[PDB]
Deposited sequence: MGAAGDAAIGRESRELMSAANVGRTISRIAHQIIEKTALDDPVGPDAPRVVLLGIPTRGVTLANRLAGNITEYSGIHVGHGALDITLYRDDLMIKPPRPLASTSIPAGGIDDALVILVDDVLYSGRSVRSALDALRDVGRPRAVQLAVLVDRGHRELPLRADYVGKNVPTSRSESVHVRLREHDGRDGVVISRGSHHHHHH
């Protein structure tokens, strides 16, 4: 049994809202200096990558600015995906925003942290996620959250994005 949490229209609005929050918290409207960091979005495959693309694309059209974005494959860091793609310049002294679709256990994000340190040494790392569905197993939290969804362990939350799934949305299932 299915039930929809977020419509296509909700997903798109939520993403633009998140882009605004990123612009605010990372000072992208401000001039630049030691406390305006270079920002890079890295998605966790598969849907995390697409979200990072949608965010980088919203940011650009809202602020005119091109933030680096890419993908961080965590296959080798886990306890047919996109391979790792790091923008030109790398991530040394950058503010990396890790992007994922759903924050559940937090284990995927911990894996991303590990994979990141093989890439280089960011000044800071933040986390943006479309859904936070509780049940953390690690002391992790998202800086930017589309929707907080209370769930039971027997429920599954599924994020659908156009590119992979044909339509945007989020559904809960049992």
Deposited positions lacking CA coordinates: 1-11, 91-98, 194-201
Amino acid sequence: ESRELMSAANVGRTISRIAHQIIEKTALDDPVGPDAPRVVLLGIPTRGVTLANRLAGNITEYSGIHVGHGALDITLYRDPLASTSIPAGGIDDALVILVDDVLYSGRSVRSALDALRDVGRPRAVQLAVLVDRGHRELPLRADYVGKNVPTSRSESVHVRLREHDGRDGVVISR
From here on, numbers count along this sequence of modelled residues.
Entry-level comparison of average CA B-factors, 53-61 and 110-118, reporting the higher stretch: 53-61
Mean C-alpha temperature factor, higher of 139-147 and 28-36: 28-36
Candidate set 123, 47, 133, 66 [ranked by C-alpha B-factor, highest]: 66
Of the residues 91, 97, 81, 71, the one carrying the largest Cα B-factor as recorded: 81
Relative C-alpha B-factor of residue 18, binned into the chain's lowest, middle or highest third: lowest
